[PDB]
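Peer 1:
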Amino acid sequence: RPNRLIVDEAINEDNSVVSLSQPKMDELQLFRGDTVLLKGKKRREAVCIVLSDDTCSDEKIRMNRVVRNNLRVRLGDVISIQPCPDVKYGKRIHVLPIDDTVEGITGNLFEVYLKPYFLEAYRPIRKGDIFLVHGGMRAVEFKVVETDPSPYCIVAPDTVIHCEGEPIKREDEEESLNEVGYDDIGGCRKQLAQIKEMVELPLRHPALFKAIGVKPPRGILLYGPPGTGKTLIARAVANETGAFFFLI
Amino acid sequence: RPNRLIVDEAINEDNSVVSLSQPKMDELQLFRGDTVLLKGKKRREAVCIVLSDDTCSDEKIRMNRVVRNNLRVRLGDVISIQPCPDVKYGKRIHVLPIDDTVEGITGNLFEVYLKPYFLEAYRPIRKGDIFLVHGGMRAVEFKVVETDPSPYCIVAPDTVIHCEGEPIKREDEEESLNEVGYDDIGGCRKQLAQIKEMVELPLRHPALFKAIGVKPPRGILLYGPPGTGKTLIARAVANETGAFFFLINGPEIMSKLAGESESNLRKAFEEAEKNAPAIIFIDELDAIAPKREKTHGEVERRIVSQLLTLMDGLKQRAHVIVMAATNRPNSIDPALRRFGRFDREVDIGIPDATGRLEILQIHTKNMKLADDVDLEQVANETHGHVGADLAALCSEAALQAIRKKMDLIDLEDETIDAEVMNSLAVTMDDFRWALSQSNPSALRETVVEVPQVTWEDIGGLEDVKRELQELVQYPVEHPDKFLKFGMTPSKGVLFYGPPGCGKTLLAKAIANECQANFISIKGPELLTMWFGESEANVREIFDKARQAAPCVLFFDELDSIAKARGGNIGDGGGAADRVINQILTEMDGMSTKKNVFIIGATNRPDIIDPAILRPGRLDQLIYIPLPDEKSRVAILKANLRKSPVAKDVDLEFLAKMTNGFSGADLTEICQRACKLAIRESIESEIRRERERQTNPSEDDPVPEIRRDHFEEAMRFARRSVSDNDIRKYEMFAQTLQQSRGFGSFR
Ligand SMILES: C[C@@H]1CN(C(=O)Cn2ncc(-c3cc(F)c(OCc4nnc(SC5CCCCC5)n4-c4cccnc4)cc3F)n2)C[C@H](C)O1
Ligand SMILES: Nc1ncnc2c1ncn2[C@@H]1O[C@H](COP(=O)(O)OP(=O)(O)O)[C@@H](O)[C@H]1O
Ligand SMILES: Nc1ncnc2c1ncn2[C@@H]1O[C@H](COP(=O)(O)OP(=O)(O)O)[C@@H](O)[C@H]1O
Ligand SMILES: Nc1ncnc2c1ncn2[C@@H]1O[C@H](COP(=O)(O)OP(=O)(O)O)[C@@H](O)[C@H]1O
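If you're matching them up, the sequences are chains B and A in order. Mind the numbering: the first sequence is residues 22 to 269 in the entry's author numbering, read in order. Mind the numbering: the second sequence is residues 22 to 718, 724 to 772 in the entry's author numbering, read in order.
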């Protein structure tokens, strides 16, 4: 059943790509780069782009933190897909930057950190979508407010993208959970995978641990030379799983 | 009189079985499986099933904690029996789960954790009965409310069992005393038995101890590596005997305000005293009372004195017992080691090879382990793992099984409990991972164990199997004769011979025969002490042997200290040295311990200082020669045993061709043969995989170690002893030997 799949960490990213397996994409009815129309959890969907790599195993779907945070999905969750290989263009795409990411940088953000991403990168353009572009020495992110096609659109120069205005505040009702995550952890992939397999279930699934009975690790003693990322990996495995992180 | 009997621990369990002895069941009027109609203490009876095993002794009746708690009986009590070999069936058996055991698991409990127990298991079905079934990863228990036959019924599909409803609350009026007990303690059966015989009477029978006069142990100092079960065994011997258990774990008190923590400890002792049978358990006593002179000040000593004045302040007529947990109590305050406060200091120690099997069995009760898993390979491979490590491995395997099934477990909104939990089936493939991903807690501690190398394994040497069986088994089996002729049994034996000739194997076999612990301090450990300028550590090792049961403290590869510095010649110093001298000094203390049988092993005896090989110390020299023809045949057969071998090989020819090879290098020849055989087998296996992958798309190219493999291994053999080296041992033997056959005149 290609409708539902369990999410996983992506490696290609591109701020937009969702990776499947061709032996599985055939069941998903996507071949080369067709639109995915990713279905989220609460009340949103993303167009996304289909691609493949080695780590699929025909079992899991991979999405970078841009999509995961856009769809309100934490790594390790289960989501749905609504494949639709169709092309439809928009004309009133309007975008505004996020104050949490623009709070002292001022300029032609339509040109300075936007040109190399609004075409040929296939941004998950859809009303309410939030995407990071990684511009000039800061992870500047934007939100596309209006997209007159939906939930999918062609990201191409034929589609019209309009200039932005003053920055808007981030949604504190959800906080967007930007912080950090697995995508900005490098050099300890094996250790991060060990911590993930060690801590994901008790944090994501506290319900079963009151019934399953077996005790999970009450505490995990990360250690290493100073500045190795212990705090970084702890905060990543906290935010990435949605667990509240209390630094003492 | 078969009516009344004293209860005891059961080993077969089955949640229902009550074990008697057939020579006693004949008096009980039960033969094969007849109903027992067990009679309890207050107002209840159980049907139970009769069976037998070894430990009955025609004196005691054995019941698992399910029956004991069902009948309101504590282990060590006296109960009655009302035999009635009759069959009567019921039709309105209704059961409900206990909320204390079901508080978050929801599903078809009539099917998920009930089917494999309501028939052919013979549950103690009777109105008011409570039974544990051990279902899906939790010790779920149920209570049968109504049983229209009573007090006995047939547990068979003819009898009708009905579906349950919402869970019911546990009876707080009695609390059911589930907690833990002896049945979930494994790997320290001897130590648990010692604690039971030490503590059962004062707790169960406080009445006599106000009249008996003799003081029981006011405090018991349990100790061992962390996670060994000290708290678990303390809580088991508390609950199992009905004694109130008060845990005052060190940090919980040391964390409170100075002076106020003293009051907290004092009022904890007052709480223990206000009720007579209570026992107070001091966990992590190292923190509370470390070495006095090593404490800094204020609390670290304010508590200790406050502890001491309370440790011995109790009059022992209040029936309060102060158990304690520590790690190698050489670290705790010596003042607490005095008598009247801590007079008994049993050593739990890490579980041995066959104890980890029992620990896994008890911990892997609810996991619903698959059939392909054995739990004996896991126990053997988990060398050095403490019981806590075994529990961690258990939990890791369970978590991996969940995590390899999260794909089909999170179908609904995460977990819905449900029957799905039975599907886990933790196969070996998950244990392997957990074992490989767990670090032994105590891998650098001298392990006390009963080795499982029997006399059969050590073939060949025979005069030494009877010249060594004598010294060990005669002064224990018939000590009366030895105290008649006046000789004191020789508590010392050193084996001198060619290197690698079974000295360790012979010592381990001696330990195995008389069910004795075997502490081997190999040569490298003695070198660690000698180089480290820490010969005082030797005092610990001997003590480690003293606190144990009959123990062949075995100084494997003795003289390594002297071998590491040339020896009696070639070095400025003499034969004596730090570690050997300390061993000599401490050995004289254990010359009157009458349970320890200090053994030595030396690959080069002539360098050993003769101060140790004189009466009292390792006086009795024993020579194990390099194996002879028949002995080499026996060694070959014994060390190729437990491994496939073809009929083509004839070990007699190999043995005779094996002209001058010791035991170690002969087993090396066998290992090389097996290594080449496994290489051939794996090469053939990968070639067969090649054939499978290619177009063509007989399964046993080499199902045993073949003969030409032995040929090639022997061609690859190597000998470690030369003519001069082997002659040196006999020349040394001449020092304490003679050929004075001239004095034939009686
Ligand atoms: C003043 C003295 C004495 N004297 C006497 O007239 C009185 N007298 N005569 C004999 C004994 C005697 C002493 C013992 F120490 C003893 O110990 C038995 C024992 N129990 N368990 C084990 S462990 C064994 C080995 C390892 C674990 C697995 C099983 N052993 C054991 C085994 C092997 C060797 N040694 C002890 C038994 C005895 F009979 N006292 C006069 C004399 C001139 O000098
Ligand atoms: N494995 C890593 N991946 C990415 N950044 C790292 C890593 N380890 C350290 N850093 C960087 O070093 C800084 C300190 O991180 P961390 O070691 O987690 O905190 P601390 O240095 O206080 O232990 C961070 O700003 C982080 O960007
Ligand atoms: N001999 C044993 N038998 C069964 N379980 C044990 C044993 N030793 C340790 N454990 C397990 O290890 C854990 C810790 O037990 P224990 O050592 O009594 O407490 P602590 O580790 O605080 O000293 C328990 O959950 C228990 O299940
Ligand atoms: N019947 C036997 N006789 C002698 N050695 C054997 C016998 N069976 C096996 N062995 C091998 O002998 C070795 C024991 O060597 P050991 O004599 O303890 O060395 P050392 O003499 O240095 O203490 C083991 O590795 C074992 O494989």
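Ideal Cβ positions, reconstructed from N, Cα and C, are used throughout, including at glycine.
Less than 7 Å between the CB of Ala299/A and some heavy atom of ligand 1, yes or no?
Peer 2: Within the second sequence, numbered from 1, the residue matching residue 299/A stands at position 278. No.
Peer 1: Please report whether the beta-carbon of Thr436/A lies at a distance below 8 Å from any beta-carbon of chain B.
Peer 2: Position 415 of the second sequence, counted from the start, is the residue given in the question as residue 436/A. Cβ-Cβ to chain B under 8 Å: yes for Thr436/A.
Peer 1: Sort out for me which residues DSSP pairs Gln641/A with in a bridge.
Peer 2: Taking the second sequence and counting its residues from 1, one reaches residue 641/A at position 620. For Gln641/A, DSSP records a beta bridge to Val514/A.
Peer 1: Taking 7 Å as the cut-off, is the CB of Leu504/A close to at least one heavy atom of ligand 3?
Peer 2: Here residue 504/A refers to the residue found at position 483 of the second sequence. Result no, Cβ not under 7 Å from ligand 3.
Peer 1: Work out the CA separation of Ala160/B and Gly125/B for me, nearest whole Å.
Peer 2: Against the first sequence, residue 125/B aligns to sequence position 104. Against the first sequence, residue 160/B aligns to sequence position 139. Roughly 13 Å separates the two Cα atoms.
Peer 1: Is residue 9/A buried or exposed, if buried means 16 or more other CB atoms sit within 10 Å of its CB?
Peer 2: Given a span of 22 to 772 for chain A in the structure shown, any question on residue 9/A remains unanswerable.
Peer 1: Along the stretch 234 to 262 of chain B, where does the CB come closer than 8 Å to a CB of chain A? Name the residues.
Peer 2: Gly234, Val235, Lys236, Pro237
Peer 1: Which residues in the same chain have their Cβ closer than 7 Å to the Cβ of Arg772/A, if we skip the five residues on either side of it in sequence?
Peer 2: As a first step, residue 772/A must be located in the second sequence, where it is residue number 746. Contacts found: none.
Peer 1: Of the residues that make up the stretch 198 to 232 of chain B, which ones have a beta carbon closer than 7 Å to any beta carbon in chain A?
Peer 2: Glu218, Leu222, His226, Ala228, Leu229, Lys231, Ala232
Peer 1: Between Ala698/A, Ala743/A, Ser78/A, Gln641/A, which lies nearest to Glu689/A when the distance is taken from Cα to Cα?
Peer 2: Position 668 of the second sequence holds residue 689/A. The residue from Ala698/A, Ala743/A, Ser78/A, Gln641/A with its alpha-carbon nearest to that of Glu689/A is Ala743/A.
Peer 1: Can you find a C-beta in chain B that's less than 8 Å from the C-beta of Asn387/A?
Peer 2: Looking up residue 387/A in the second sequence gives position 366. Yes - at least one Cβ of chain B is within 8 Å of the one on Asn387/A.
Peer 1: If you scan the stretch 381 to 439 of chain A from start to end, which runs of the alpha helix (DSSP H) of 4 or more residues do you find wholly inside it?
Peer 2: 397 to 402, 408 to 424
Peer 1: Jot down the residue ranges of each uninterrupted alpha helix (DSSP H) in the stretch 171 to 200 of chain B, minimum 4 residues, whole runs only, in chain order.
Peer 2: none
Peer 1: Give a single yes or no on whether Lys251/B has its beta carbon closer than 7 Å to a heavy atom of ligand 2.
Peer 2: Against the first sequence, residue 251/B aligns to sequence position 230. Relative to ligand 2, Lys251/B has its C-beta within less than 7 Å of a heavy atom.
Peer 1: Give a yes or no on whether 8 Å exceeds the smallest Cβ distance from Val165/B to chain A.
Peer 2: Position 144 of the first sequence holds residue 165/B. No, its Cβ sits nowhere closer than 8 Å to a Cβ of chain A.
Peer 1: Return yes when the Cβ of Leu286/A is within less than 8 Å of the Cβ of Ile241/A, no when it is not.
Peer 2: Here the question's residue 241/A lines up with position 220 in the second sequence. Here the question's residue 286/A lines up with position 265 in the second sequence. Taking 8 Å as the Cβ cut-off, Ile241/A and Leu286/A do not qualify as a contacting pair.
Peer 1: Can you check which of these residues, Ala622/A, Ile216/A, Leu647/A, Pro500/A, is closest to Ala528/A by C-alpha distance?
Peer 2: Indexing the second sequence from 1 puts residue 528/A at position 507. Closest option to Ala528/A, Cα to Cα, is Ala622/A.
Peer 1: Alpha carbon to alpha carbon, how far is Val514/A from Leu253/A?
Peer 2: Stepping through the second sequence from its first residue, residue 514/A is reached at position 493. Stepping through the second sequence from its first residue, residue 253/A is reached at position 232. About 39 Å.
Peer 1: With a cut-off of 8 Å, do at least 3 Cβ pairs link the stretch 288 to 299 of chain A to the stretch 60 to 71 of chain A?
Peer 2: no
Peer 1: Extract the residue ranges of the beta strand (DSSP E) inside the stretch 69 to 121 of chain B, only unbroken runs of 3 or more that lie entirely within it.
Peer 2: Here the runs fully enclosed are 70 to 73, 81 to 84, 99 to 102, 115 to 118.
Peer 1: Any heavy atom of ligand 2 inside 7 Å of the beta-carbon of residue 20/B?
Peer 2: Any question about residue 20/B goes unanswered here, given that chain B covers just 22 to 269.
Peer 1: Look at the alpha carbon of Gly128/A and the alpha carbon of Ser42/A, and state the distance between them as a whole number of angstroms.
Peer 2: Mapped onto the second sequence, residue 128/A falls at position 107. Mapped onto the second sequence, residue 42/A falls at position 21. Taking the straight line joining both Cα atoms gives about 41 Å.
Peer 1: Tell me the start and end of each unbroken beta strand (DSSP E) in the stretch 212 to 243 of chain A that is at least 3 residues and wholly inside, in chain order.
Peer 2: none
Peer 1: Does the beta carbon of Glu30/B come closer than 8 Å to any beta carbon on chain A?
Peer 2: Counting from 1 along the first sequence, the entry for residue 30/B is found at position 9. It does not: the Cβ of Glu30/B has no partner Cβ on chain A nearer than 8 Å.
Peer 1: Residues in its own chain within less than 7 Å of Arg745/A by CB, not counting five upstream and five downstream?
Peer 2: Counting from one through the second sequence, the residue named residue 745/A turns up at place 719. Taken in chain order, the residues that qualify are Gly681, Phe682, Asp686.
Peer 1: Are the stretch 224 to 231 of chain A and the stretch 375 to 393 of chain A touching by the rule of at least three beta carbon pairs closer than 8 Å?
Peer 2: no
Peer 1: In terms of residue numbering, what span does the beta strand (DSSP E) encompassing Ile151/A cover?
Peer 2: Locating residue 151/A in the second sequence gives position 130, where the first residue counts as 1. It spans 150 to 153 - the beta strand (DSSP E) in which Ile151/A sits, taken as one unbroken run.
Peer 1: Anything in chain B within Cβ reach of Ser416/A, meaning under 8 Å, just list it in chain order.
Peer 2: Numbered from 1 along the second sequence, position 395 holds the residue referred to as residue 416/A. Going along chain B in sequence order, the residues near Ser416/A (Cβ under 8 Å) are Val235, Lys236, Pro237.
Peer 1: Counting only Cβ pairs nearer than 7 Å, list the residues of chain A close to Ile27/B.
Peer 2: For the purposes of this step, residue 27/B is identified with residue 6 of the first sequence, where counting begins at 1. Those within 7 Å of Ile27/B in chain A are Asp428.
Peer 1: Residues in the same chain with beta-carbon distance under 8 Å from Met46/A, minus the five sequence neighbours each way, listed in chain order, please.
Peer 2: Your numbering for residue 46/A matches position 25 in the second sequence. If we look at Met46/A and ignore the five residues flanking it on each side, its Cβ neighbours are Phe52, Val71, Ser73.
Peer 1: Ignore the nearest five residues each way along the sequence and tell me which others in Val123/A's own chain have a CB closer than 8 Å to its CB.
Peer 2: Within the second sequence, residue 123/A is the residue found at index 102, counting from 1. Contacts found: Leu130, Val161, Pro188.
Peer 1: Mind checking whether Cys535/A and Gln494/A have CB atoms under 8 Å apart?
Peer 2: As a first step, residue 535/A must be located in the second sequence, where it is residue number 514. As a first step, residue 494/A must be located in the second sequence, where it is residue number 473. Yes.
Peer 1: Buried or exposed: which applies to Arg89/A, given that a residue is buried once 16 or more other Cβ atoms fall within 10 Å of its Cβ?
Peer 2: As a first step, residue 89/A is located in the second sequence; it is residue number 68 there, counting from the start. Its Cβ being crowded by 16 or more others within 10 Å, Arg89/A is buried.
Peer 1: Taking the C-alpha atoms as reference points, what is the distance between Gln103/B and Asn24/B?
Peer 2: As a first step, residue 103/B is located in the first sequence; it is residue number 82 there, counting from the start. As a first step, residue 24/B is located in the first sequence; it is residue number 3 there, counting from the start. Their backbone Cα atoms lie some 7 Å apart in a straight line.
Peer 1: Can you check the stretch 587 to 632 of chain A for any alpha helix (DSSP H) of at least 4 residues that lies completely inside it and give the ranges in chain order?
Peer 2: 599 to 610
Peer 1: For the alpha helix (DSSP H) holding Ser284/A, just list the boundary residues, first then last.
Peer 2: Position 263 of the second sequence holds residue 284/A. In this chain, the alpha helix (DSSP H) harbouring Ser284/A covers 281 to 295.
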